[PDB]
$ cat model33.txt   # compact mmCIF, N, CA and C atoms
# COMPACT_ATOMS: atom_id res chain seq x y z
N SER A 72 18.54 6.37 -7.34
CA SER A 72 17.59 5.85 -6.36
C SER A 72 17.33 6.85 -5.24
N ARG A 73 16.07 7.22 -5.08
CA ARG A 73 15.69 8.16 -4.04
C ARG A 73 15.04 7.39 -2.91
N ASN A 74 15.18 7.91 -1.71
CA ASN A 74 14.62 7.27 -0.53
C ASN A 74 13.75 8.34 0.13
N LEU A 75 12.65 8.68 -0.53
CA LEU A 75 11.73 9.71 -0.06
C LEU A 75 11.05 9.41 1.26
N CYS A 76 10.85 8.14 1.57
CA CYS A 76 10.22 7.78 2.83
C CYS A 76 11.27 7.62 3.92
N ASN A 77 12.54 7.73 3.52
CA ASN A 77 13.67 7.63 4.45
C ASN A 77 13.68 6.37 5.30
N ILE A 78 13.54 5.21 4.67
CA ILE A 78 13.54 3.96 5.41
C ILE A 78 13.98 2.77 4.59
N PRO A 79 14.59 1.77 5.24
CA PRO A 79 15.04 0.59 4.50
C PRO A 79 13.79 -0.15 4.04
N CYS A 80 13.80 -0.62 2.80
CA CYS A 80 12.65 -1.33 2.25
C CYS A 80 12.24 -2.51 3.11
N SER A 81 13.21 -3.15 3.75
CA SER A 81 12.92 -4.30 4.60
C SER A 81 11.93 -3.92 5.70
N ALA A 82 11.95 -2.66 6.11
CA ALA A 82 11.06 -2.17 7.16
C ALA A 82 9.59 -2.20 6.71
N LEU A 83 9.36 -2.33 5.41
CA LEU A 83 8.00 -2.36 4.87
C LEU A 83 7.43 -3.77 4.80
N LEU A 84 8.19 -4.74 5.31
CA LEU A 84 7.77 -6.14 5.29
C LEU A 84 7.34 -6.64 6.67
N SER A 85 7.44 -5.76 7.66
CA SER A 85 7.08 -6.07 9.04
C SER A 85 5.59 -6.37 9.22
N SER A 86 5.28 -7.16 10.25
CA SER A 86 3.89 -7.49 10.56
C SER A 86 3.19 -6.22 11.06
N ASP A 87 3.98 -5.22 11.44
CA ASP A 87 3.47 -3.93 11.91
C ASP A 87 3.47 -3.03 10.67
N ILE A 88 2.28 -2.68 10.21
CA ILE A 88 2.14 -1.87 9.00
C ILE A 88 2.34 -0.37 9.17
N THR A 89 2.78 0.05 10.35
CA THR A 89 2.98 1.46 10.61
C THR A 89 3.87 2.12 9.56
N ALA A 90 4.98 1.46 9.25
CA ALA A 90 5.94 1.96 8.27
C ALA A 90 5.33 2.12 6.89
N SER A 91 4.65 1.07 6.43
CA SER A 91 4.00 1.09 5.12
C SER A 91 2.93 2.18 5.04
N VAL A 92 2.10 2.26 6.08
CA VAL A 92 1.05 3.26 6.12
C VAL A 92 1.61 4.68 6.04
N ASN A 93 2.64 4.99 6.82
CA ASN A 93 3.21 6.33 6.80
C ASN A 93 3.78 6.69 5.44
N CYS A 94 4.42 5.73 4.79
CA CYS A 94 5.01 5.95 3.47
C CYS A 94 3.93 6.07 2.40
N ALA A 95 2.87 5.28 2.54
CA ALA A 95 1.76 5.33 1.59
C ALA A 95 1.06 6.69 1.67
N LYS A 96 1.05 7.29 2.86
CA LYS A 96 0.42 8.60 3.04
C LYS A 96 1.21 9.64 2.26
N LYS A 97 2.52 9.44 2.18
CA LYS A 97 3.38 10.36 1.46
C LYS A 97 3.20 10.18 -0.05
N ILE A 98 3.07 8.93 -0.47
CA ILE A 98 2.88 8.59 -1.87
C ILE A 98 1.57 9.13 -2.43
N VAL A 99 0.48 8.89 -1.71
CA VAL A 99 -0.84 9.32 -2.16
C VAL A 99 -1.01 10.84 -2.18
N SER A 100 -0.14 11.54 -1.46
CA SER A 100 -0.21 13.00 -1.43
C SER A 100 0.67 13.57 -2.54
N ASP A 101 1.51 12.71 -3.11
CA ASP A 101 2.45 13.10 -4.16
C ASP A 101 1.87 13.88 -5.34
N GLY A 102 0.76 13.41 -5.90
CA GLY A 102 0.18 14.13 -7.03
C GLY A 102 -0.84 13.35 -7.83
N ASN A 103 -0.52 12.10 -8.16
CA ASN A 103 -1.44 11.26 -8.93
C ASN A 103 -2.33 10.43 -8.01
N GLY A 104 -2.32 10.77 -6.73
CA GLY A 104 -3.14 10.06 -5.77
C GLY A 104 -2.88 8.56 -5.76
N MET A 105 -3.96 7.79 -5.64
CA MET A 105 -3.86 6.33 -5.61
C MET A 105 -3.58 5.69 -6.96
N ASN A 106 -3.57 6.49 -8.02
CA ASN A 106 -3.27 5.96 -9.34
C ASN A 106 -1.82 5.47 -9.36
N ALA A 107 -1.07 5.81 -8.31
CA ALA A 107 0.33 5.39 -8.19
C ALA A 107 0.41 3.88 -7.97
N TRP A 108 -0.71 3.28 -7.59
CA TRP A 108 -0.78 1.85 -7.36
C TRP A 108 -1.49 1.20 -8.54
N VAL A 109 -0.72 0.51 -9.37
CA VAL A 109 -1.25 -0.14 -10.57
C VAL A 109 -2.47 -1.03 -10.35
N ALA A 110 -2.45 -1.83 -9.29
CA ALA A 110 -3.56 -2.73 -9.02
C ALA A 110 -4.82 -1.98 -8.61
N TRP A 111 -4.65 -0.88 -7.87
CA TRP A 111 -5.79 -0.09 -7.45
C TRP A 111 -6.48 0.47 -8.69
N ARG A 112 -5.68 1.11 -9.54
CA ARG A 112 -6.17 1.72 -10.77
C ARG A 112 -6.82 0.73 -11.73
N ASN A 113 -6.30 -0.50 -11.79
CA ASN A 113 -6.86 -1.49 -12.70
C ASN A 113 -7.92 -2.42 -12.12
N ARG A 114 -7.95 -2.55 -10.79
CA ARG A 114 -8.91 -3.47 -10.19
C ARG A 114 -9.81 -2.91 -9.09
N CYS A 115 -9.53 -1.69 -8.63
CA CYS A 115 -10.33 -1.08 -7.57
C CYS A 115 -11.06 0.17 -8.02
N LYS A 116 -10.33 1.06 -8.69
CA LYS A 116 -10.88 2.32 -9.17
C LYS A 116 -12.16 2.10 -9.96
N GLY A 117 -13.20 2.85 -9.60
CA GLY A 117 -14.47 2.74 -10.30
C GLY A 117 -15.33 1.54 -9.95
N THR A 118 -14.97 0.81 -8.90
CA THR A 118 -15.74 -0.35 -8.48
C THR A 118 -16.35 -0.06 -7.12
N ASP A 119 -17.25 -0.92 -6.66
CA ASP A 119 -17.85 -0.69 -5.35
C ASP A 119 -16.84 -1.14 -4.29
N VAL A 120 -15.94 -0.23 -3.94
CA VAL A 120 -14.90 -0.53 -2.95
C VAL A 120 -15.42 -0.68 -1.53
N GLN A 121 -16.64 -0.21 -1.27
CA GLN A 121 -17.22 -0.32 0.07
C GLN A 121 -17.37 -1.79 0.42
N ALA A 122 -17.50 -2.62 -0.61
CA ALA A 122 -17.65 -4.05 -0.45
C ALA A 122 -16.50 -4.68 0.34
N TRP A 123 -15.31 -4.09 0.25
CA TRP A 123 -14.15 -4.64 0.95
C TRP A 123 -14.15 -4.49 2.47
N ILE A 124 -15.02 -3.64 3.01
CA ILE A 124 -15.08 -3.48 4.45
C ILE A 124 -16.43 -3.92 5.00
N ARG A 125 -17.32 -4.34 4.11
CA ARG A 125 -18.64 -4.80 4.50
C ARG A 125 -18.53 -5.97 5.48
N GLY A 126 -19.47 -6.05 6.41
CA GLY A 126 -19.46 -7.13 7.38
C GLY A 126 -18.40 -6.99 8.46
N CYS A 127 -17.55 -5.98 8.34
CA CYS A 127 -16.50 -5.75 9.33
C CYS A 127 -16.97 -4.85 10.46
N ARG A 128 -16.36 -5.00 11.62
CA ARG A 128 -16.72 -4.18 12.77
C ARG A 128 -15.73 -3.03 12.88
N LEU A 129 -16.05 -1.92 12.23
CA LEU A 129 -15.19 -0.74 12.24
C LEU A 129 -15.65 0.32 13.24
N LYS B 1 3.46 -11.61 7.71
CA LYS B 1 2.07 -11.82 8.22
C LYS B 1 1.02 -11.61 7.14
N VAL B 2 0.07 -12.54 7.05
CA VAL B 2 -1.01 -12.43 6.09
C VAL B 2 -2.22 -11.95 6.88
N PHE B 3 -2.64 -10.72 6.61
CA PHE B 3 -3.78 -10.14 7.31
C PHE B 3 -5.10 -10.72 6.87
N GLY B 4 -6.12 -10.49 7.70
CA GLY B 4 -7.46 -10.92 7.38
C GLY B 4 -8.06 -9.65 6.81
N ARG B 5 -9.08 -9.77 5.96
CA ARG B 5 -9.69 -8.59 5.35
C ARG B 5 -10.08 -7.56 6.41
N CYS B 6 -10.98 -7.95 7.31
CA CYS B 6 -11.44 -7.05 8.36
C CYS B 6 -10.34 -6.63 9.32
N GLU B 7 -9.37 -7.51 9.55
CA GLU B 7 -8.27 -7.20 10.45
C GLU B 7 -7.43 -6.05 9.90
N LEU B 8 -7.12 -6.11 8.61
CA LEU B 8 -6.33 -5.06 7.98
C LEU B 8 -7.12 -3.75 7.97
N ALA B 9 -8.41 -3.86 7.67
CA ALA B 9 -9.29 -2.69 7.64
C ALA B 9 -9.23 -1.97 8.99
N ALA B 10 -9.27 -2.73 10.08
CA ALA B 10 -9.21 -2.15 11.41
C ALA B 10 -7.85 -1.50 11.61
N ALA B 11 -6.80 -2.20 11.20
CA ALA B 11 -5.44 -1.68 11.35
C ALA B 11 -5.26 -0.38 10.57
N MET B 12 -5.74 -0.35 9.33
CA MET B 12 -5.61 0.84 8.50
C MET B 12 -6.42 2.02 9.02
N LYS B 13 -7.64 1.76 9.48
CA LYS B 13 -8.49 2.82 10.01
C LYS B 13 -7.81 3.45 11.22
N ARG B 14 -7.26 2.61 12.08
CA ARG B 14 -6.56 3.07 13.28
C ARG B 14 -5.38 3.96 12.92
N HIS B 15 -4.72 3.66 11.81
CA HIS B 15 -3.57 4.46 11.39
C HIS B 15 -3.96 5.69 10.59
N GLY B 16 -5.26 5.97 10.53
CA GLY B 16 -5.74 7.15 9.83
C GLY B 16 -5.86 7.12 8.32
N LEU B 17 -6.00 5.93 7.72
CA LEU B 17 -6.13 5.85 6.26
C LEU B 17 -7.56 6.07 5.77
N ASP B 18 -8.54 5.84 6.63
CA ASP B 18 -9.93 6.01 6.22
C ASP B 18 -10.20 7.47 5.86
N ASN B 19 -10.53 7.70 4.59
CA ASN B 19 -10.81 9.02 4.06
C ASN B 19 -9.56 9.89 3.91
N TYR B 20 -8.39 9.28 4.06
CA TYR B 20 -7.14 10.02 3.92
C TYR B 20 -7.04 10.49 2.48
N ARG B 21 -6.93 11.80 2.29
CA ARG B 21 -6.82 12.39 0.96
C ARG B 21 -8.08 12.12 0.13
N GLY B 22 -9.19 11.86 0.81
CA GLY B 22 -10.44 11.61 0.11
C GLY B 22 -10.66 10.18 -0.32
N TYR B 23 -9.73 9.30 0.04
CA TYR B 23 -9.85 7.89 -0.33
C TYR B 23 -10.40 7.08 0.84
N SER B 24 -11.64 6.62 0.70
CA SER B 24 -12.28 5.83 1.74
C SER B 24 -11.50 4.54 2.02
N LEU B 25 -11.65 4.03 3.24
CA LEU B 25 -10.97 2.82 3.68
C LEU B 25 -11.05 1.65 2.70
N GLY B 26 -12.22 1.46 2.08
CA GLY B 26 -12.39 0.36 1.13
C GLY B 26 -11.39 0.36 -0.02
N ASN B 27 -10.94 1.54 -0.42
CA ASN B 27 -9.97 1.69 -1.50
C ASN B 27 -8.62 1.10 -1.09
N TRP B 28 -8.22 1.40 0.14
CA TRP B 28 -6.95 0.92 0.68
C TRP B 28 -6.95 -0.59 0.88
N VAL B 29 -8.05 -1.13 1.40
CA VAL B 29 -8.13 -2.58 1.61
C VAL B 29 -8.12 -3.27 0.25
N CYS B 30 -8.80 -2.68 -0.73
CA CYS B 30 -8.84 -3.24 -2.07
C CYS B 30 -7.45 -3.22 -2.69
N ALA B 31 -6.73 -2.12 -2.48
CA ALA B 31 -5.38 -1.98 -3.03
C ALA B 31 -4.44 -2.99 -2.41
N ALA B 32 -4.50 -3.12 -1.08
CA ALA B 32 -3.65 -4.06 -0.38
C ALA B 32 -3.94 -5.48 -0.86
N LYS B 33 -5.22 -5.77 -1.09
CA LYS B 33 -5.65 -7.09 -1.56
C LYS B 33 -5.03 -7.50 -2.89
N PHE B 34 -5.17 -6.65 -3.90
CA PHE B 34 -4.64 -6.97 -5.21
C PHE B 34 -3.16 -6.69 -5.44
N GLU B 35 -2.55 -5.90 -4.56
CA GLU B 35 -1.12 -5.60 -4.69
C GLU B 35 -0.27 -6.69 -4.02
N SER B 36 -0.66 -7.06 -2.81
CA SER B 36 0.10 -8.05 -2.03
C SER B 36 -0.69 -9.24 -1.48
N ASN B 37 -1.99 -9.27 -1.76
CA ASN B 37 -2.88 -10.32 -1.25
C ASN B 37 -2.83 -10.35 0.28
N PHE B 38 -2.71 -9.16 0.87
CA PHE B 38 -2.68 -8.96 2.31
C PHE B 38 -1.44 -9.50 3.03
N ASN B 39 -0.41 -9.84 2.28
CA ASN B 39 0.83 -10.39 2.84
C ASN B 39 1.91 -9.31 2.99
N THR B 40 2.26 -8.99 4.24
CA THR B 40 3.28 -7.98 4.51
C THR B 40 4.67 -8.34 3.96
N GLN B 41 4.90 -9.62 3.70
CA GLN B 41 6.21 -10.05 3.21
C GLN B 41 6.36 -10.11 1.70
N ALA B 42 5.31 -9.73 0.98
CA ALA B 42 5.35 -9.78 -0.47
C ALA B 42 6.40 -8.87 -1.11
N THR B 43 7.15 -9.44 -2.04
CA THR B 43 8.17 -8.70 -2.78
C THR B 43 8.01 -9.05 -4.25
N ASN B 44 8.32 -8.10 -5.13
CA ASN B 44 8.25 -8.30 -6.57
C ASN B 44 9.26 -7.43 -7.29
N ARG B 45 10.09 -8.04 -8.12
CA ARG B 45 11.10 -7.30 -8.86
C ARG B 45 10.53 -6.83 -10.19
N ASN B 46 10.93 -5.63 -10.59
CA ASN B 46 10.48 -5.03 -11.84
C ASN B 46 11.64 -5.03 -12.84
N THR B 47 11.33 -4.83 -14.12
CA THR B 47 12.36 -4.84 -15.16
C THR B 47 13.40 -3.74 -15.03
N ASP B 48 13.01 -2.60 -14.46
CA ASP B 48 13.94 -1.50 -14.31
C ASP B 48 14.95 -1.74 -13.19
N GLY B 49 14.85 -2.91 -12.55
CA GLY B 49 15.78 -3.24 -11.48
C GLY B 49 15.28 -2.92 -10.08
N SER B 50 14.14 -2.24 -9.99
CA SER B 50 13.58 -1.88 -8.70
C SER B 50 12.73 -3.04 -8.18
N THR B 51 12.41 -2.99 -6.89
CA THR B 51 11.59 -4.03 -6.29
C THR B 51 10.47 -3.35 -5.52
N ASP B 52 9.30 -3.99 -5.46
CA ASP B 52 8.15 -3.47 -4.74
C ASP B 52 8.07 -4.25 -3.43
N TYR B 53 7.83 -3.54 -2.34
CA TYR B 53 7.81 -4.15 -1.01
C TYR B 53 6.58 -3.96 -0.13
N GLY B 54 6.23 -5.03 0.57
CA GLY B 54 5.13 -4.99 1.52
C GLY B 54 3.69 -5.09 1.07
N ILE B 55 2.83 -4.91 2.05
CA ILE B 55 1.40 -4.99 1.86
C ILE B 55 0.90 -4.04 0.76
N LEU B 56 1.55 -2.89 0.60
CA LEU B 56 1.14 -1.94 -0.43
C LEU B 56 2.12 -1.84 -1.59
N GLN B 57 3.07 -2.77 -1.65
CA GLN B 57 4.04 -2.82 -2.74
C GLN B 57 4.67 -1.47 -3.09
N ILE B 58 5.36 -0.88 -2.12
CA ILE B 58 6.02 0.40 -2.30
C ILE B 58 7.33 0.17 -3.05
N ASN B 59 7.55 0.94 -4.12
CA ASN B 59 8.72 0.81 -4.99
C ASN B 59 10.05 1.39 -4.50
N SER B 60 11.13 0.64 -4.72
CA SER B 60 12.48 1.04 -4.28
C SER B 60 13.15 2.14 -5.10
N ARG B 61 12.58 2.49 -6.24
CA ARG B 61 13.16 3.53 -7.09
C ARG B 61 13.11 4.90 -6.40
N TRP B 62 11.98 5.23 -5.77
CA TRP B 62 11.87 6.53 -5.11
C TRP B 62 11.37 6.54 -3.67
N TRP B 63 10.89 5.42 -3.16
CA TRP B 63 10.34 5.44 -1.81
C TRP B 63 11.14 4.85 -0.66
N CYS B 64 11.82 3.73 -0.88
CA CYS B 64 12.62 3.11 0.18
C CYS B 64 13.95 2.64 -0.37
N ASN B 65 14.93 2.47 0.52
CA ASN B 65 16.25 2.01 0.11
C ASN B 65 16.48 0.51 0.34
N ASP B 66 16.84 -0.22 -0.72
CA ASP B 66 17.11 -1.66 -0.57
C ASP B 66 18.56 -2.00 -0.90
N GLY B 67 19.36 -0.96 -1.13
CA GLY B 67 20.77 -1.13 -1.41
C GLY B 67 21.16 -1.75 -2.73
N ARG B 68 20.22 -1.90 -3.66
CA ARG B 68 20.55 -2.50 -4.94
C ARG B 68 19.81 -1.85 -6.10
N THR B 69 19.18 -0.71 -5.84
CA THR B 69 18.45 0.00 -6.88
C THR B 69 19.19 1.28 -7.26
N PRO B 70 19.58 1.39 -8.54
CA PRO B 70 20.31 2.56 -9.06
C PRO B 70 19.76 3.88 -8.55
$ encode --input "model33.txt" --output "structure tokens"
Amino acid sequence: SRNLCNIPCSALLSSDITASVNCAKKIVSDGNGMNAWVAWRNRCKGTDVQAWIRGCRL
Amino acid sequence: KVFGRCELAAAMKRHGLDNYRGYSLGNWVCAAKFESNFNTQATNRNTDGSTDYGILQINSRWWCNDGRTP
């Protein structure tokens, strides 16, 4: 078991997503990009993802 | 905490995920949606003994320590 993000997994369950975001940045830079996330690859990749932020005030 | 679609989008953009590594914000919100349904407390155990944690379901095999993964 490797702890590449150097943090207890419980820290990724917080209402503050800072921990998850920082670790995800490390994961996506790893090599296979976002393909590392099964759901993204099977349900997001190749779809109109812009739809998920539509109507939002960014 | 169960985020709102737009609420998470704002949170992620603020943390610099929009266009991070060439992946537009919509990709991240979509991933969070289908991985954890926007719930920061989501957990899921895998057959190899590892568990996925949080809004983005990060795996315990190589990313975080949960004290029970080989």
$ interface_residues --input "model33.txt" --of "chain A" --to "chain B" --cutoff "5 Å" --atoms "only N, CA and C atoms" --output "MDAnalysis selection string"
chainID A and resid 72:76 78:80 83:84 111 120:121
$ closest_residue --input "model33.txt" --among "A:122, A:129, A:113, A:77" --to "residue A:91" --atoms "only C-alpha atoms"
A:77
$ axis_aligned_box --input "model33.txt" --around "stretch 113-117 of chain A" --padding-each-side "4 Å" --output "lines of an AutoDock Vina configuration file"
center_x = -10.8
center_y = -0.3
center_z = -10.1
size_x = 17.0
size_y = 14.3
size_z = 13.1
$ select_by_dssp --input "model33.txt" --residues "chain A" --states "alpha helix (DSSP H)" --output "ChimeraX atom specification"
/A:89-100,109-114
$ select_by_dssp --input "model33.txt" --residues "chain B" --states "strand (DSSP E or B)" --output "CSV table (one decimal) with N, CA and C atoms, keeping the file's coordinate frame"
chain,number,residue,atom,x,y,z
B,2,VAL,N,0.1,-12.5,7.0
B,2,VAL,CA,-1.0,-12.4,6.1
B,2,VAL,C,-2.2,-12.0,6.9
B,20,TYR,N,-8.4,9.3,4.1
B,20,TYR,CA,-7.1,10.0,3.9
B,20,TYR,C,-7.0,10.5,2.5
B,23,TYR,N,-9.7,9.3,0.0
B,23,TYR,CA,-9.8,7.9,-0.3
B,23,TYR,C,-10.4,7.1,0.8
B,39,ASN,N,-0.4,-9.8,2.3
B,39,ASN,CA,0.8,-10.4,2.8
B,39,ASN,C,1.9,-9.3,3.0
B,43,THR,N,7.2,-9.4,-2.0
B,43,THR,CA,8.2,-8.7,-2.8
B,43,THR,C,8.0,-9.0,-4.2
B,44,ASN,N,8.3,-8.1,-5.1
B,44,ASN,CA,8.2,-8.3,-6.6
B,44,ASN,C,9.3,-7.4,-7.3
B,45,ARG,N,10.1,-8.0,-8.1
B,45,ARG,CA,11.1,-7.3,-8.9
B,45,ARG,C,10.5,-6.8,-10.2
B,51,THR,N,12.4,-3.0,-6.9
B,51,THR,CA,11.6,-4.0,-6.3
B,51,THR,C,10.5,-3.4,-5.5
B,52,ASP,N,9.3,-4.0,-5.5
B,52,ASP,CA,8.2,-3.5,-4.7
B,52,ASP,C,8.1,-4.2,-3.4
B,53,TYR,N,7.8,-3.5,-2.3
B,53,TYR,CA,7.8,-4.2,-1.0
B,53,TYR,C,6.6,-4.0,-0.1
B,58,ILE,N,5.4,-0.9,-2.1
B,58,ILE,CA,6.0,0.4,-2.3
B,58,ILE,C,7.3,0.2,-3.0
B,59,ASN,N,7.6,0.9,-4.1
B,59,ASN,CA,8.7,0.8,-5.0
B,59,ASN,C,10.0,1.4,-4.5
B,65,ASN,N,14.9,2.5,0.5
B,65,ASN,CA,16.2,2.0,0.1
B,65,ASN,C,16.5,0.5,0.3
$ atom_distance --input "model33.txt" --atom1 "atom CA of residue A:103" --atom2 "atom CA of residue B:4"
28.2 Å
$ atom_distance --input "model33.txt" --atom1 "atom CA of residue A:95" --atom2 "atom N of residue A:108"
9.7 Å
$ atom_distance --input "model33.txt" --atom1 "atom CA of residue A:87" --atom2 "atom CA of residue B:19"
20.8 Å
$ decode --input "model33.txt" --residues "stretch 32-61 of chain B" --atoms "C-alpha atoms" --output "short mmCIF file (atom, residue, chain, number, x, y, z; two decimals), in the first residue's frame"
data_model
loop_
_atom_site.label_atom_id
_atom_site.label_comp_id
_atom_site.auth_asym_id
_atom_site.auth_seq_id
_atom_site.Cartn_x
_atom_site.Cartn_y
_atom_site.Cartn_z
CA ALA B 32 -17.69 13.77 -9.10
CA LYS B 33 -21.33 13.21 -10.06
CA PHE B 34 -20.99 9.63 -11.27
CA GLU B 35 -18.22 8.58 -8.85
CA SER B 36 -19.78 9.78 -5.59
CA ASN B 37 -23.06 11.50 -6.55
CA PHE B 38 -21.56 14.68 -5.05
CA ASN B 39 -21.33 13.12 -1.57
CA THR B 40 -18.02 13.77 0.24
CA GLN B 41 -18.71 10.83 2.57
CA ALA B 42 -19.03 8.18 -0.13
CA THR B 43 -16.97 5.02 0.38
CA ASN B 44 -16.78 1.84 -1.71
CA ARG B 45 -14.78 -1.33 -1.14
CA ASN B 46 -13.14 -3.13 -4.06
CA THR B 47 -12.35 -6.85 -4.46
CA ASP B 48 -8.61 -6.29 -4.11
CA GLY B 49 -9.26 -5.12 -0.55
CA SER B 50 -8.82 -1.42 -1.27
CA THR B 51 -11.48 1.21 -0.69
CA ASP B 52 -12.36 4.34 -2.69
CA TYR B 53 -12.92 7.54 -0.72
CA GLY B 54 -14.68 10.86 -1.10
CA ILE B 55 -16.25 13.00 -3.74
CA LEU B 56 -13.73 11.75 -6.32
CA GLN B 57 -13.41 8.19 -5.00
CA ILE B 58 -9.64 8.18 -4.52
CA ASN B 59 -8.27 4.63 -4.05
CA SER B 60 -6.42 3.41 -0.92
CA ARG B 61 -4.02 1.15 -2.84
#
